[PDB]
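Notes for the structure review
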Amino acid sequence: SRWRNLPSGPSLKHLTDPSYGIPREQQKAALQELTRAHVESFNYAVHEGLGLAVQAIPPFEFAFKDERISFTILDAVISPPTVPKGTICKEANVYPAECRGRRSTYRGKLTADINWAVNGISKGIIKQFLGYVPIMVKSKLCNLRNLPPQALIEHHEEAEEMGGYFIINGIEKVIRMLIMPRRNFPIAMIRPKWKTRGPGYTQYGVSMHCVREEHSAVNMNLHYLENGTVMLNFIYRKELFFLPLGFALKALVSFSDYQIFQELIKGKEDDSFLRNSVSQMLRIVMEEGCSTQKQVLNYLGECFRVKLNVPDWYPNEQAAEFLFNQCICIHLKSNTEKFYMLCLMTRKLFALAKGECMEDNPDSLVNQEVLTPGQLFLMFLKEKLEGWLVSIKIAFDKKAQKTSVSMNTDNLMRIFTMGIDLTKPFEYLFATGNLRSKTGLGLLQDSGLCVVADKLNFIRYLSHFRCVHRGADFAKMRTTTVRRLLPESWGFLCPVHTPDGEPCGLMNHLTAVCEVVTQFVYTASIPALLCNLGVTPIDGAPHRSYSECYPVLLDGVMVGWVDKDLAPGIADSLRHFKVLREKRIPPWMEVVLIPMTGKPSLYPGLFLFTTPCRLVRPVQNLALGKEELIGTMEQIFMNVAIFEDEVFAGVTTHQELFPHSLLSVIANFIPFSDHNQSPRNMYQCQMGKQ
Amino acid sequence: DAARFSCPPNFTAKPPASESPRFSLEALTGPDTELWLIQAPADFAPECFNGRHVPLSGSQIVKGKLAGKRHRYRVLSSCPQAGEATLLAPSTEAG
Amino acid sequence: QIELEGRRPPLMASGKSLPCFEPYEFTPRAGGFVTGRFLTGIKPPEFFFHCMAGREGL
Amino acid sequence: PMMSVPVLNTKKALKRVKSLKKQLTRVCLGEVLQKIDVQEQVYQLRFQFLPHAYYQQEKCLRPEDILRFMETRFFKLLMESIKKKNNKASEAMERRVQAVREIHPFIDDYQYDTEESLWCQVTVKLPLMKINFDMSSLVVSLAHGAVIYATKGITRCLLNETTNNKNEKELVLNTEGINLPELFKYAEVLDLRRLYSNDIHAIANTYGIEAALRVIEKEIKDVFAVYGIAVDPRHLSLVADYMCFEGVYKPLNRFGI
Amino acid sequence: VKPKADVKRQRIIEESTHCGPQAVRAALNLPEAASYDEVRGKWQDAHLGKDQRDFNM
Amino acid sequence: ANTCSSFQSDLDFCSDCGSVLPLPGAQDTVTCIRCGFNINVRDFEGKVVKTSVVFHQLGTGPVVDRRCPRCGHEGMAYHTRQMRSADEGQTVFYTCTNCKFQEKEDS
Amino acid sequence: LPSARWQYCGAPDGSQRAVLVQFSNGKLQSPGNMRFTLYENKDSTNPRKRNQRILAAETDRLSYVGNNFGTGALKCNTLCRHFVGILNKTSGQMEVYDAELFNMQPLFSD
DNA sequence: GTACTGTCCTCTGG
DNA sequence: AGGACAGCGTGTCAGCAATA
RNA sequence: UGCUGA
């Protein structure tokens, strides 16, 4: 579906039709699904994701005179564009047709209602006007939403437009999907420049990219040291901090050293260098002074208090919680789940170190995901809201420190004193493209984030909403290995559509059938279903040996240890649910089962991703004929015929929708591309856009 | 001195059941009695297995009926693994 | 026969060279041996390897 | 780096060369080992060496020499590395064992293998306070860079049988290392005139600078030849004469100016 | 290309689709025959190896 | 307790290094048992039988060659690589048989 | 293959529960010298609090405490359910009861 | 990127 | 005197917007 | 700084 009604051979009797010029009743729907990832991401970023972003937003308490004041942001709301104040007449709405005639930004009003209290018994809810945030064109906060092609012609619009862009000074910036490592998945890496991080570090380590509700991202690295010990590197505000593990594990969980150790030796309970190295982690740095959860939190609080910039009246135990909440495993609410996830990433470094597992290439799309326009927008919005709080209360603390009793008279005159901020910062990220942030947003790139979308042709324009940039830093590299066109980008990136000069292999384009996931679902009844299917909870009684069992993960949270002879049936049952839309399994969950043999293959286990930024692509599910959607990592463990008569009985689990599914939208406009040599067809894609 | 667990004021010690002679240590130590630990999904309805012959070894599919709907449950039986949960029973010997 | 770095096309992390091919497949077709000609065009998997080569060239 | 000496074309030389090739290849403790068995502060170690069936064929080694190597070099480099770690941490069997423990104060007694290295272990102990970990890591990172014996600089030889059609009878003893003097001893097995190397700093040190000029020219020519390109010799002559102008092979770069 | 000359080309292309097992096997110096799955495992080992010079072979 | 020996078997945490007197000397609940255990830990280990071995390991490139001469005659051999841009054509790499002279054309 | 006839005699009101204990630091070498005390919340009116229980185990050297609420309450007590089966070998009948699992941990206060 | 110079850095020789 | 290391380096060719 | 041309 969504690829039915695809023409079988082209026609010419549509031109020369008695109805050629009559504007149609509804828009095309195939052209609409091109910029769909740019619009459905913003729709979340601005309505459902903004509430979550402001919900984290720790209440900004600080000291005034001898008083402590708390300010929390209860809601933030962005309004469609409109004539400034009422100083104008006859039409409140403001349609993108202008700001292209004039040269201006299509910007909506962002306003929040802060709530300031003095010890929690004196309080008043003021509604400040934060600033102006740019708006996408058909984005639910725009005035051209829900307009048929005929009504879209009386406002001067294309009658076939799909916006997915911003108008910053009338220039139509087109923020494009950048490539991120992955989200909520531990990638074991062998990078030789890591041993320079300290005296005894090795070139082994599992990296994790954590994202919470699309508003926060953080990168944490577990490093292996030659002694058998594991360190944890976290970054706060662009500074790298190294905490021995054990300090982290004891803080997160009030458990003995025995159940903890019993956790990091789950699958290798016969190995003795490991058993000895786990004990060195627990005793060597933690029986040295701190043996209760609080003392660990207290010691960790004192060392990190200075650089976490915590409140002075905060106990050290409270400053430790601040570090764990804001720097390690942002995605998981619990501290018990954060412990089990740090334990599986370590259990994996021990397997990479002992050569029992294969390093995950960071440059394979198996271990890659995309950064959409809504993730960048919210992740900047949230950071700027926190900065606004900080600045208003800088002004507060600095003005007078004077008898707030009567000073409740100018409280609004105070908040407005710094509410003059949030507007120009936002336009810089859009007009210039480069990012000025205290934390780089867990991004790794600070330029080329937004680019000009130029309508030289409609094949230059349509390729800005299907571009995927490996990164802007890779344009400066001696080695060329992020330019290799690996066989794992089959159906997800076009082989032919790549710039053919300095940007080659770095700027790719999605195939016609590929698509970005953007929906958000409940995913709460899934952990309770996995247990009905045969999984045994992380708590215990695996029924086997922890080595003949698969570690089940679901979006960063380890459900735990499906038996080895139940993993295949569980994966097939879960795949049948998603295909037939049973249970509540999202139609796009990736049920992956990386089998385990004795060979140094990728680390075994049943993963189940359902996050909102992975690439998926349709394939005709044989044995059901129900048009499944598979992902970049789920496609490596399944056979997908292309033509029929290539389908076999045991082989050919799936089948592809059309034979030319592999090629991009532009590469599908080249006639007979099969009989030309490839450097030519790739050249055709760059010349059709000039 | 062992800091002795101190019971919070909102909690009270639950007396043993002298009306429970079933989970009595004596009943459980009978030569014809075996104890089994059973783990099931949170939504599992144990009544759906009433009268049915659950296996004591290996793996078997057992069919159950709940609310008119047929359910099939894979049952895995195993040898207790060192470290498994211990059952507590009231004992007259323990005061 | 397609050759990228003086070697055949690289395998994935699971042992398959392309999503169409079984893991560790012996057929030369799975290693970039293109038996098609530009007279009668080349199939999608062969198109992929040919593009890999043409791109490494640039 | 490489070398290529023709083989002298005599019946005796052809016979001696087999032994020569087998003589210059490097044999390393790690290339001759089955698996270690480490027990642990009293750390024992049994090497369990390989049978001669499949390594004496092309390595020219014997078990007494190999084992004697452990007693005099490996079992003391082992204590050298143990100190490397512990400095910053906070009738006839009898004479061999005795001299060996005469020199070190940690070992106790090894073994003997009167039948083809049957079981050859050792025992150590540091009784007071040492970091008892899987020291197998050390005794494995050390049993790789530990080489029985090798000519300095030569990693392997090989006789590329034919190099000519005109006088096809030519044989060449190519090498993948560079030690010019360690071939001078075979002036009767190999032709030491016609010796060639791509090093140009080693030629310039054993034969002079006027002999390095021609190696430079031939190297540039052979680099261009693999692509069919052919620069005229009058250009390489000038480049080599300028590079070697002042008596040394000087680079054509920022430090040459 | 002449017909009656593309038939030979097609038969040769058909013959070329059977030369992988022998090639790989006789390059791993495996038992000359009787192993059809030991060869896949040896190839996998050579692929996940550290040196990676028995894979280039 | 009926458990692993490196910790305070009955009590909560992990012991300290087993050096001198009884346990010796843990922080919480110091209760001391077995000044020294009975058997010094027997760690039976071994190493790889693939790489170091020359035992247990006893058992288990001309191109298509078309005809063109350089020095002699009768058949070179060619590898095609596209060492050019996307507006150009593919270069060819020839190699001889009787000798080994490599060509490297432009097309 | 040996099989048993399944019966859930279970709990009369479901108020009745057995008690399973698991120790975080391994197995108790001498469970015979341990005294277990089960504590329940006095608040029977609050559905949230009425099921809160504390299990305390006292030894000569240390105390263990397990709770079914708060951080110490772990996920397995809900995502999965635990039962105890009492098998009569002679009759082949297995009686099945609801069980509550307590994860036990050591006691110290500053 | 790798390999060079450089730079001491201070360890056994009269 | 065996090192350890910190330290410089380059990088074909012209246009446009635009903005520091 | 994003593009583009040989």
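Here's a quick rundown of the structure.

All names here are of chain A. Summed over all chains, the structure comprises 53 aromatic pairs over all chains. Aromatic pair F62 and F71: ring centres 5.5 Å apart, planes at 50 degrees, arrangement tilted. One exposure class covers both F62 and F71, and it is buried. On the numbers, 4.6 Å between centres and 75 degrees between planes, the contact of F185 with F607 is edge-to-face. A residue pair is termed long-range when its members are at least 10 positions apart, and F185 in the loop between β5 (177-180) and β6 (186-189) and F607 in strand β19 (residues 605-609) qualify at 422 residues. Residue classification places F607 among the buried positions, given a relative accessible area of 5%. Every member of this aromatic cluster is reached through a ring pair, and the members are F42, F166, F377, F380, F426 and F430. If you follow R2 out to its NZ or CZ, it ends over the ring of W3, 4.5 Å from the centre. Positioned above the aromatic ring of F609, the side-chain terminus of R182 is 4.7 Å from the ring centre.

Residues and elements named next belong to chain A. Taken together, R176, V451, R460, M507, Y683, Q686 and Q690 are the residues near RNA strand J. Counting only the atoms of RNA strand J within 4 Å of the protein, the fraction contributed by sugar and phosphate is 100%. Between RNA strand J and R176, the relevant distance is 2.4 Å, taken from a phosphate oxygen to a side-chain nitrogen or oxygen of the residue. A distance of 3.5 Å is found between a phosphate oxygen of RNA strand J and a side-chain nitrogen or oxygen belonging to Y683.

Before going further, it helps to spend a moment on helix α4 (residues 257-264) of chain A. By the criterion of burial, α4 of chain A is predominantly enclosed, with seven of the eight residues buried. For α4 of chain A, every residue scored as buried is listed here: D257, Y258, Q259, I260, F261, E263 and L264 of chain A.

The next subject is the interface of chain C and chain F. In many reports, interface size means the accessible area that the parts give up when they come together. Opposite the five residues of chain C that make contact, chain F presents seven residues. For the pair chain C and chain F, the two sides together bury roughly 530 Å², of which 55% comes from carbon and sulfur. In terms of surface lost to chain F, no three residues of chain C exceed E3, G57 and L58 of chain C, which account for 67% of the buried area on that side. Linking chain C with chain F are zero salt bridges. At the boundary of chain C with chain F, the tally comes to two residue pairs in polar contact. A class-by-class count of the residues in the side of chain C that touches chain F yields two nonpolar, two polar and one charged.

Basis of the calculations
- These residue numbers run from 1 along each chain by written sequence and may not equal the entry numbers. Residues without coordinates are not shown.
- Both sets of labels track the order of writing: A upward for chains, 1 upward for ligands.
- In this view, a larger assembly is represented only partially, and all stated values concern the represented chains.
- Hydrogens and water are ignored here; the side-chain numbers use all heavy atoms of the structure.
- When two rings of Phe, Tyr or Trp (its six-membered ring) have centres within 6.5 Å they constitute a pair, described as stacked for plane angles under 30 degrees, edge-to-face for angles over 60, and tilted for the intermediate range.
- Classification of residues uses two cut-offs on accessible area relative to the type maximum, computed with a 1.4 Å probe and protein chains only: under 20% is buried, over 50% is exposed, and between them is partly exposed.
- Under the DSSP-based scheme used, a helix requires at least four consecutive residues in state H or I and a strand at least two consecutive residues in state E, with every element numbered from the N terminus.
- Placement of a charge over a ring requires the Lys NZ or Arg CZ to be within 6 Å of the ring centre, with the centre-to-atom vector within 35 degrees of the ring normal.
- By convention in this text, a residue qualifies as near a molecule or strand provided that one of its non-hydrogen atoms is within 4 Å of it.
- The term polar contact refers here to a pair of N or O atoms within 3.5 Å; inside protein, the definition further demands a hydrogen-donor-capable atom paired with an acceptor-capable atom, and it admits residues adjacent in sequence only when both atoms are side-chain atoms.
- We call two residues contacting when some pair of their heavy atoms lies within 4.5 Å.
- Throughout, buried area stands for the accessible area (probe radius 1.4 Å) lost by two parts on being put together, summed over both.
- We count a salt bridge whenever a side-chain nitrogen from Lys or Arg sits within 4 Å of a carboxyl oxygen from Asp or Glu.
- Charged means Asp, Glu, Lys or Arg here, nonpolar means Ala, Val, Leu, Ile, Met, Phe, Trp, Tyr, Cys or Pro, and polar covers whatever is left, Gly included.

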